[PDB]
Structure formats: structure tokens, C-alpha cells
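Content type CSV, C-alpha atoms and all ligand atoms, from the file run-v1.csv:
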```csv
chain,number,residue,atom,x,y,z
A,1,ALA,CA,46.9,25.5,-78.6
A,2,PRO,CA,44.2,25.6,-81.3
A,3,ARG,CA,42.5,28.9,-82.0
A,4,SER,CA,39.0,27.2,-81.9
A,5,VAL,CA,37.7,24.1,-80.1
A,6,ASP,CA,34.1,22.8,-79.9
A,7,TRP,CA,33.5,19.5,-78.1
A,8,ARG,CA,29.9,19.3,-79.2
A,9,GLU,CA,31.1,18.4,-82.7
A,10,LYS,CA,33.0,15.4,-81.2
A,11,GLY,CA,30.0,14.0,-79.3
A,12,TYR,CA,31.1,14.9,-75.8
A,13,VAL,CA,28.0,17.0,-74.8
A,14,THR,CA,24.4,16.2,-74.0
A,15,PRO,CA,21.6,18.6,-74.8
A,16,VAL,CA,20.9,21.7,-72.7
A,17,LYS,CA,19.1,20.9,-69.5
A,18,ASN,CA,17.0,23.1,-67.1
A,19,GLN,CA,17.7,23.3,-63.4
A,20,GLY,CA,14.4,25.1,-62.7
A,21,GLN,CA,14.1,27.2,-59.6
A,22,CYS,CA,16.6,25.1,-57.6
A,23,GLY,CA,20.1,26.3,-56.9
A,24,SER,CA,21.7,23.2,-58.3
A,25,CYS,CA,23.9,24.7,-61.0
A,26,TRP,CA,26.9,22.9,-59.5
A,27,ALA,CA,25.3,19.5,-60.2
A,28,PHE,CA,24.6,20.4,-63.9
A,29,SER,CA,28.2,21.6,-64.3
A,30,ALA,CA,29.5,18.4,-62.7
A,31,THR,CA,27.3,16.0,-64.7
A,32,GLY,CA,28.3,17.9,-67.9
A,33,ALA,CA,32.1,17.4,-67.2
A,34,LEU,CA,31.6,13.8,-66.2
A,35,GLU,CA,29.4,13.1,-69.2
A,36,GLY,CA,32.3,14.3,-71.3
A,37,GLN,CA,35.0,12.2,-69.6
A,38,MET,CA,32.8,9.1,-69.6
A,39,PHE,CA,32.3,9.5,-73.4
A,40,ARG,CA,36.1,10.0,-73.8
A,41,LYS,CA,36.6,6.7,-72.0
A,42,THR,CA,33.8,4.5,-73.3
A,43,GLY,CA,32.6,6.1,-76.6
A,44,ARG,CA,29.1,6.3,-75.1
A,45,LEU,CA,27.3,9.5,-74.2
A,46,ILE,CA,24.9,9.0,-71.4
A,47,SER,CA,23.0,11.8,-69.6
A,48,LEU,CA,23.7,11.6,-65.9
A,49,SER,CA,21.5,12.3,-62.9
A,50,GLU,CA,21.7,15.7,-61.3
A,51,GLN,CA,19.1,14.6,-58.8
A,52,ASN,CA,21.4,11.9,-57.6
A,53,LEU,CA,23.9,14.6,-56.7
A,54,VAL,CA,21.4,17.0,-55.1
A,55,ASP,CA,20.0,14.3,-52.9
A,56,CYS,CA,23.1,12.3,-52.0
A,57,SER,CA,26.3,14.5,-52.0
A,58,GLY,CA,25.7,16.3,-48.7
A,59,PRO,CA,28.5,14.4,-46.9
A,60,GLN,CA,31.0,15.7,-49.4
A,61,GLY,CA,30.0,19.3,-48.6
A,62,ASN,CA,27.1,20.0,-51.0
A,63,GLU,CA,23.8,21.5,-49.9
A,64,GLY,CA,21.3,20.5,-52.5
A,65,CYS,CA,19.2,23.4,-53.9
A,66,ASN,CA,21.1,25.7,-51.5
A,67,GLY,CA,24.4,25.4,-53.4
A,68,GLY,CA,27.3,23.1,-53.9
A,69,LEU,CA,30.6,22.7,-55.7
A,70,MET,CA,31.5,20.6,-58.7
A,71,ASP,CA,34.6,19.2,-57.0
A,72,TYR,CA,32.4,18.0,-54.1
A,73,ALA,CA,30.2,16.2,-56.7
A,74,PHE,CA,33.2,14.6,-58.3
A,75,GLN,CA,34.3,13.3,-54.8
A,76,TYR,CA,30.8,11.9,-54.2
A,77,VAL,CA,30.9,9.9,-57.4
A,78,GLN,CA,34.3,8.4,-56.3
A,79,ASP,CA,33.3,7.9,-52.6
A,80,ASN,CA,30.0,6.4,-53.6
A,81,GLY,CA,31.3,4.2,-56.4
A,82,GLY,CA,28.9,5.3,-59.0
A,83,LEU,CA,26.3,7.7,-60.3
A,84,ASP,CA,22.9,6.9,-61.8
A,85,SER,CA,21.7,7.9,-65.2
A,86,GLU,CA,19.2,10.7,-65.8
A,87,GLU,CA,16.7,8.3,-67.2
A,88,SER,CA,16.8,6.1,-64.1
A,89,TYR,CA,17.0,9.0,-61.5
A,90,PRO,CA,15.2,11.9,-63.1
A,91,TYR,CA,15.5,15.6,-62.1
A,92,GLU,CA,12.7,17.0,-59.9
A,93,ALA,CA,14.3,20.4,-59.0
A,94,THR,CA,13.8,19.8,-55.2
A,95,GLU,CA,16.0,18.2,-52.6
A,96,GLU,CA,14.7,14.8,-51.4
A,97,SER,CA,16.3,11.8,-49.6
A,98,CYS,CA,18.9,9.8,-51.4
A,99,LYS,CA,17.6,7.1,-53.8
A,100,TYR,CA,20.9,6.0,-55.4
A,101,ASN,CA,20.8,2.5,-56.7
A,102,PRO,CA,24.1,1.0,-57.8
A,103,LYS,CA,22.4,-1.4,-60.3
A,104,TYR,CA,21.6,1.7,-62.4
A,105,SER,CA,25.0,3.4,-62.1
A,106,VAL,CA,26.5,4.4,-65.4
A,107,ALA,CA,29.4,6.6,-64.4
A,108,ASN,CA,32.4,6.5,-62.1
A,109,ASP,CA,35.5,8.7,-61.5
A,110,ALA,CA,38.7,8.4,-59.5
A,111,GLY,CA,39.0,12.0,-58.3
A,112,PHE,CA,39.3,15.3,-60.1
A,113,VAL,CA,41.9,17.9,-61.3
A,114,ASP,CA,41.8,21.6,-60.4
A,115,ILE,CA,43.2,23.8,-63.1
A,116,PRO,CA,45.5,26.7,-62.2
A,117,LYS,CA,43.7,30.1,-62.0
A,118,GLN,CA,44.8,31.4,-65.4
A,119,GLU,CA,42.9,31.6,-68.7
A,120,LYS,CA,46.0,30.2,-70.4
A,121,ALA,CA,45.7,27.1,-68.3
A,122,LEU,CA,42.0,26.8,-68.8
A,123,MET,CA,42.6,27.0,-72.6
A,124,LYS,CA,45.1,24.1,-72.5
A,125,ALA,CA,42.7,22.0,-70.4
A,126,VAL,CA,39.7,22.6,-72.8
A,127,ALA,CA,41.9,21.9,-75.8
A,128,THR,CA,43.2,18.6,-74.5
A,129,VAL,CA,40.8,17.2,-71.9
A,130,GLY,CA,37.2,17.9,-73.0
A,131,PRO,CA,34.5,20.1,-71.4
A,132,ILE,CA,35.6,21.7,-68.2
A,133,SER,CA,33.4,22.6,-65.1
A,134,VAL,CA,33.8,26.3,-64.2
A,135,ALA,CA,32.3,28.9,-61.9
A,136,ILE,CA,31.3,32.4,-63.1
A,137,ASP,CA,29.7,35.6,-61.8
A,138,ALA,CA,26.3,35.4,-63.4
A,139,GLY,CA,24.5,37.9,-61.1
A,140,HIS,CA,23.7,40.6,-63.6
A,141,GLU,CA,20.6,41.5,-65.6
A,142,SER,CA,22.7,41.5,-68.8
A,143,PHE,CA,23.3,37.8,-68.2
A,144,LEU,CA,19.6,37.1,-68.0
A,145,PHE,CA,18.8,38.9,-71.2
A,146,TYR,CA,21.8,37.6,-73.2
A,147,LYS,CA,20.7,36.6,-76.7
A,148,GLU,CA,23.9,36.5,-78.9
A,149,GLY,CA,27.4,37.7,-79.3
A,150,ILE,CA,30.2,37.8,-76.9
A,151,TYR,CA,29.0,38.5,-73.3
A,152,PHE,CA,30.9,41.2,-71.5
A,153,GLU,CA,29.8,42.9,-68.3
A,154,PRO,CA,32.0,45.7,-67.0
A,155,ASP,CA,30.7,45.1,-63.4
A,156,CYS,CA,31.5,41.3,-63.4
A,157,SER,CA,33.7,40.1,-60.6
A,158,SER,CA,36.6,37.7,-61.1
A,159,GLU,CA,36.5,36.5,-57.4
A,160,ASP,CA,32.8,36.4,-56.4
A,161,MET,CA,31.4,33.6,-58.5
A,162,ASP,CA,27.9,32.3,-58.0
A,163,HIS,CA,27.0,30.0,-60.9
A,164,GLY,CA,28.4,26.7,-62.2
A,165,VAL,CA,28.6,26.1,-65.9
A,166,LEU,CA,30.4,24.1,-68.5
A,167,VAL,CA,33.1,25.3,-71.0
A,168,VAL,CA,32.7,23.1,-74.1
A,169,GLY,CA,35.1,25.0,-76.3
A,170,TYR,CA,36.3,28.5,-77.4
A,171,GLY,CA,36.7,30.5,-80.5
A,172,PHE,CA,36.6,34.0,-82.0
A,173,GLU,CA,34.5,36.3,-84.1
A,174,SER,CA,35.1,39.9,-85.3
A,175,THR,CA,33.5,42.6,-83.2
A,176,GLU,CA,33.2,46.4,-83.0
A,177,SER,CA,35.6,46.6,-80.1
A,178,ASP,CA,38.1,44.0,-81.4
A,179,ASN,CA,37.7,42.0,-78.3
A,180,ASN,CA,37.0,38.9,-80.4
A,181,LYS,CA,37.8,35.8,-78.3
A,182,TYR,CA,35.2,33.8,-76.4
A,183,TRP,CA,34.7,30.8,-74.2
A,184,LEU,CA,31.7,28.6,-75.4
A,185,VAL,CA,29.7,27.9,-72.3
A,186,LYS,CA,26.7,25.6,-71.8
A,187,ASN,CA,24.3,26.9,-69.2
A,188,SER,CA,21.5,25.0,-67.4
A,189,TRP,CA,18.6,27.4,-67.9
A,190,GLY,CA,17.0,25.6,-70.8
A,191,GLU,CA,17.4,26.3,-74.5
A,192,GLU,CA,15.2,29.4,-74.6
A,193,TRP,CA,17.9,31.3,-72.8
A,194,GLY,CA,20.8,32.7,-74.7
A,195,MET,CA,21.8,31.0,-78.0
A,196,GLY,CA,19.9,27.7,-77.6
A,197,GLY,CA,21.1,27.6,-74.0
A,198,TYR,CA,24.7,28.6,-74.7
A,199,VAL,CA,26.7,31.8,-74.1
A,200,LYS,CA,29.9,33.1,-75.6
A,201,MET,CA,31.8,34.5,-72.6
A,202,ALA,CA,34.6,37.1,-73.1
A,203,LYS,CA,37.9,35.3,-73.3
A,204,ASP,CA,41.4,36.7,-72.5
A,205,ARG,CA,39.9,39.8,-70.9
A,206,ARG,CA,41.4,39.7,-67.4
A,207,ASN,CA,39.6,36.5,-66.3
A,208,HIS,CA,36.2,38.0,-67.0
A,209,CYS,CA,33.5,36.9,-64.5
A,210,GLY,CA,36.0,34.6,-62.9
A,211,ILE,CA,35.7,31.9,-65.6
A,212,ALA,CA,39.3,30.5,-64.9
A,213,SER,CA,39.1,30.9,-61.1
A,214,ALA,CA,37.5,27.6,-60.1
A,215,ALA,CA,37.9,25.3,-63.1
A,216,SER,CA,38.1,21.5,-62.8
A,217,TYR,CA,37.2,18.2,-64.3
A,218,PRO,CA,36.8,14.6,-63.1
A,219,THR,CA,39.4,11.8,-63.7
A,220,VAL,CA,37.8,8.7,-65.2
B,301,LIG,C1,24.3,27.9,-58.5
B,301,LIG,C2,22.9,28.1,-59.2
B,301,LIG,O1,22.0,27.3,-59.0
B,301,LIG,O2,22.8,29.0,-60.0
B,301,LIG,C3,24.1,27.6,-57.0
B,301,LIG,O3,23.6,28.7,-56.3
B,301,LIG,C4,25.5,27.2,-56.4
B,301,LIG,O4,25.8,26.1,-56.2
B,301,LIG,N1,26.4,28.2,-56.2
B,301,LIG,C5,27.7,28.0,-55.6
B,301,LIG,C6,28.8,28.7,-56.5
B,301,LIG,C7,29.5,27.7,-57.5
B,301,LIG,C8,30.3,28.6,-58.4
B,301,LIG,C9,28.5,26.9,-58.2
B,301,LIG,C10,27.7,28.5,-54.2
B,301,LIG,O5,27.6,29.6,-53.9
B,301,LIG,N2,27.9,27.5,-53.2
B,301,LIG,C11,29.3,27.0,-52.9
B,301,LIG,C12,29.5,26.6,-51.5
B,301,LIG,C13,30.8,25.9,-51.2
B,301,LIG,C14,31.5,26.4,-50.0
B,301,LIG,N3,33.0,26.5,-50.1
B,301,LIG,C15,33.6,27.3,-50.9
B,301,LIG,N4,34.9,27.2,-51.0
B,301,LIG,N5,33.0,28.3,-51.6
```
Any chance you could put this one into C-alpha cells?
Amino acid sequence: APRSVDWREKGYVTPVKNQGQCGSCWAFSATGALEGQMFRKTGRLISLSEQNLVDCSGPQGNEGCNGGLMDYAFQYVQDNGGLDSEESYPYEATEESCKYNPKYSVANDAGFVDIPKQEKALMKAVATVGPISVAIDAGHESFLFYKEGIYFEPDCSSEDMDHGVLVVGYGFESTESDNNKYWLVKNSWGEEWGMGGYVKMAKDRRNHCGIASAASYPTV
């Protein structure tokens, strides 16, 4: 595979969004991966509605601001036959009744693919598919205060993940410890967090923070 990948340079990735004080990370991760695969199919990048997922994907297993899973979001889009755009169904950071309108649907998918639980498999998927939905352990103060460099937290768990994000690429940079590889991750905490809203997560360090443990993308 390539040593470095960045799908933002190829037009696959919308700007960084902000989930607010709602536990809806799974919906931002899902819309990010589906935005990528829709662009791959149509050549058109359209920001998609996280609120649509928060309000409407309960029957697939999601629980709004109380949590969810990207795969359940992908199933909703397939079962529902569409997903509205961000502009038509804007984000309110609170769960309300479903207001989906098929006339304003701009995305579809036909299922999803779960990646095997190995960083080598995640790398191949990122290199060849596009941005990938992933789950990480983000419950540490060091993650809140991250400003730059490669994020490594010795107390991170590879099995207890609590936050959905989007891998948009990977790369390397020289460091003191010679642990130089990183996943390029888009978060949903606005652009004032981290590096304009992004984090470089340690790559090839024993599946750090579980980044390869629940990875998937939608089939368009
Ligand atoms: C994430 C956030 O808003 O920061 C939000 O709390 C969330 O959805 N968390 C998920 C974890 C994923 C990695 C996003 C969560 O804890 N809920 C998942 C419930 C699904 C139940 N089934 C299984 N298999 N866990």
C-alpha cells in the first residue's frame, strides 16, 4: 500500500462539523463515510444530515443522543431508501421525531462492509476505498487537550471504544520516540479542537485506542 494517503486532497471530505453536547458521534462518522462513497460514485460532495439519522434510525438499533453505531446508520439509509442533505435537514443536537422527506434525499447505500480487526486491513481499506468509519477510545483528558503531533495515550483501550470518528488517510512524521506512523482522523468537535478538528492517531502501535476494532464503510 502507499505510505501516505489523504482523501481531503481528492475531494472526498466535507468540512469539520460539531456534534455539540449530544452523543451523536456515530452519526457524524456515518455521514462522513457516506459522503465519501457518494462522491466516489457521483463526483459530487454533498454534506449529509446527521439529524436525519439521530431522529429516524432507532429501528435499526440507534438511540439518538444516547449513542449508536455507524453500521446501524448505514442499514437505515438502505432500509429507508435515502438520506436527506444537511442543508435540508439541519443539525439541532437534540433528538426529535423523524422528519425525513424523500424528495430531499441526496444519498443512498446498499449495505456496508465491516473490515477485519487488524490495522493492516484498515490500511488497505483506507488506501483503496476512501474515508472509513471507525470507533476509538477517546475517554482521556489527553484527547480533549490534543493540539498537534501524533496522539498516543498509554492508558487507551483497544476493546472499550466510546467515540465514532472518520479515518481520512494516514502518513508519517519523524518523532523523538521513532513511533512515526499515524492515522489522519476527522473528529466532530468543531475546528477549534485539535488541528483544525483533526487528530493524528498512533498507527501500527498495537491497535492503539481500538482504531481498527470496529471499522466499516457503506456500499454505494
Ligand atoms: C459517541 C459520542 O457522541 O461521542 C456516542 O456516545 C456513541 O454513539 N457511542 C457509541 C460507541 C461507538 C464507537 C460510536 C456507543 O457507546 N453506543 C453503541 C451502542 C451499540 C450497542 N451494540 C454494540 N455492539 N455495542
Exercise for the section: Please check which protein, DNA or RNA residues sit within 10 Å of ligand LIG 301 (chain B), counting only C-alpha atoms and all ligand atoms, and write them as a PyMOL selection string. Expected result: chain A and resi 19-30+61-72+133-139+160-165+187-189+210-211+213-215
Exercise for the section: Measuring atom to atom with all atoms listed in the file, identify which of A:170, A:183, A:146, A:151 is nearest to residue 197 in chain A. Expected result: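 Among A:170, A:183, A:146, A:151, it is A:146 that comes nearest to residue 197 in chain A.
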Practice task
Rank nothing, just name the residue among A:166, A:33, A:107, A:16 nearest to residue 200 in chain A, using only C-alpha atoms.
Solution key: A:166
Handout entry: range 48-57 of chain A surroundings by all atoms listed in the file, 6 Å radius, close-in-sequence under 3 positions cut, as JSON, numbers by chain
Key = {"A": [27, 31, 60, 62, 64, 76, 84, 85, 86, 89, 91, 95, 96, 97, 98]}
Exercise for the section: List the neighbours of residue 179 in chain A out to 9 Å using only C-alpha atoms; skip same-chain residues closer than 2 positions along the sequence, and give me the result as a PyMOL selection string. Expected result: chain A and resi 150+172-177+181-182+202-205
Selection from above, C-alpha atoms, as a PDB file, in the frame of the given file, can you write it?
```pdb
ATOM      1  CA  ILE A 150      30.200  37.800 -76.900  1.00  0.00           C
ATOM      2  CA  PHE A 172      36.600  34.000 -82.000  1.00  0.00           C
ATOM      3  CA  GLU A 173      34.500  36.300 -84.100  1.00  0.00           C
ATOM      4  CA  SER A 174      35.100  39.900 -85.300  1.00  0.00           C
ATOM      5  CA  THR A 175      33.500  42.600 -83.200  1.00  0.00           C
ATOM      6  CA  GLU A 176      33.200  46.400 -83.000  1.00  0.00           C
ATOM      7  CA  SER A 177      35.600  46.600 -80.100  1.00  0.00           C
ATOM      8  CA  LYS A 181      37.800  35.800 -78.300  1.00  0.00           C
ATOM      9  CA  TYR A 182      35.200  33.800 -76.400  1.00  0.00           C
ATOM     10  CA  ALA A 202      34.600  37.100 -73.100  1.00  0.00           C
ATOM     11  CA  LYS A 203      37.900  35.300 -73.300  1.00  0.00           C
ATOM     12  CA  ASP A 204      41.400  36.700 -72.500  1.00  0.00           C
ATOM     13  CA  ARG A 205      39.900  39.800 -70.900  1.00  0.00           C
TER      14      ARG A 205
END
```
Practice task
Name the residues in contact with range 4-15 of chain A at a cut-off of 8 Å, using only C-alpha atoms, excluding same-chain residues fewer than 2 positions from it; report them as a ChimeraX atom specification.
Solution key: /A:2,17,32,35-37,39-40,45-47,126-127,130-131,168-172,184
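The shortest atom-to-atom distance to residue 105 in chain A, with only C-alpha atoms taken into account, belongs to A:80 out of A:80, A:219, A:118, A:180.
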Exercise for the section: Report the distance between CA of residue 209 in chain A and CA of residue 154 in chain A in Å, rounded to one decimal place. Expected result: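 Interatomic distance, CA of residue 209 in chain A to CA of residue 154 in chain A: 9.3 Å.
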Problem - Computed interatomic separation between CA of residue 217 in chain A and CA of residue 132 in chain A (Å) - result: 5.5 Å
Practice task
Please measure the separation of CA of residue 83 in chain A and CA of residue 116 in chain A, giving the value in Å to one decimal.
Solution key: 27.1 Å
Practice task
May I ask which of the residues A:1, A:77, A:38, A:144 is the closest one to residue 192 in chain A, counting all atoms listed in the file?
Solution key: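 Between A:1, A:77, A:38, A:144, the residue approaching residue 192 in chain A most closely is A:144.
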Completion exercise
For residue 157 in chain A, the closest of A:140, A:124, A:99, A:44 counting all atoms listed in the file is A:140
Practice task
May I ask which of the residues A:75, A:191, A:145, A:129 is the closest one to residue 110 in chain A, counting all atoms listed in the file?
Solution key: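 Smallest separation from residue 110 in chain A among the options: A:75.
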Practice task
Excluding residue 218 in chain A and residues on its chain fewer than 2 positions from it, collect all residues at most 7 Å away from it, counting all atoms listed in the file, and give them as an NGL selection string.
Solution key: :A and (33-34 or 74 or 109 or 111-113 or 220)
Completion of range 192-205 of chain A up to N, CA, C and O atoms, as a compact mmCIF listing (two decimals), keeping the file's coordinate frame:
```
# COMPACT_ATOMS: atom_id res chain seq x y z
N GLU A 192 15.76 28.08 -74.30
CA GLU A 192 15.20 29.40 -74.60
C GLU A 192 16.03 30.54 -74.13
O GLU A 192 15.87 31.65 -74.61
N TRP A 193 16.95 30.30 -73.21
CA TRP A 193 17.90 31.30 -72.80
C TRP A 193 19.07 31.39 -73.72
O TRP A 193 19.53 30.37 -74.24
N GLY A 194 19.57 32.60 -73.95
CA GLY A 194 20.80 32.70 -74.70
C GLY A 194 20.68 32.17 -76.13
O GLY A 194 19.64 32.28 -76.79
N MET A 195 21.77 31.56 -76.60
CA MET A 195 21.80 31.00 -78.00
C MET A 195 21.57 29.50 -77.82
O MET A 195 22.50 28.70 -77.68
N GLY A 196 20.29 29.13 -77.87
CA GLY A 196 19.90 27.70 -77.60
C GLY A 196 20.45 27.20 -76.32
O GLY A 196 20.69 26.00 -76.22
N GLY A 197 20.62 28.05 -75.32
CA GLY A 197 21.10 27.60 -74.00
C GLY A 197 22.57 27.88 -73.77
O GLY A 197 23.05 27.65 -72.66
N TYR A 198 23.28 28.36 -74.77
CA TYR A 198 24.70 28.60 -74.70
C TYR A 198 24.99 30.11 -74.63
O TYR A 198 24.17 30.94 -75.02
N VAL A 199 26.17 30.43 -74.15
CA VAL A 199 26.70 31.80 -74.10
C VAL A 199 28.11 31.81 -74.53
O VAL A 199 28.88 30.92 -74.17
N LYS A 200 28.48 32.83 -75.29
CA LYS A 200 29.90 33.10 -75.60
C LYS A 200 30.39 34.14 -74.64
O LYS A 200 30.00 35.31 -74.69
N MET A 201 31.24 33.71 -73.71
CA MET A 201 31.80 34.50 -72.60
C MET A 201 33.12 35.11 -73.04
O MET A 201 33.95 34.41 -73.61
N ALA A 202 33.34 36.39 -72.71
CA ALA A 202 34.60 37.10 -73.10
C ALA A 202 35.78 36.27 -72.63
O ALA A 202 35.89 35.92 -71.46
N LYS A 203 36.72 36.03 -73.55
CA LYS A 203 37.90 35.30 -73.30
C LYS A 203 39.16 36.19 -73.42
O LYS A 203 39.21 37.06 -74.30
N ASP A 204 40.10 35.99 -72.51
CA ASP A 204 41.40 36.70 -72.50
C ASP A 204 41.15 38.20 -72.18
O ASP A 204 41.90 39.04 -72.65
N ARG A 205 40.12 38.50 -71.41
CA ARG A 205 39.90 39.80 -70.90
C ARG A 205 39.93 39.79 -69.37
O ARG A 205 38.92 39.97 -68.70
```
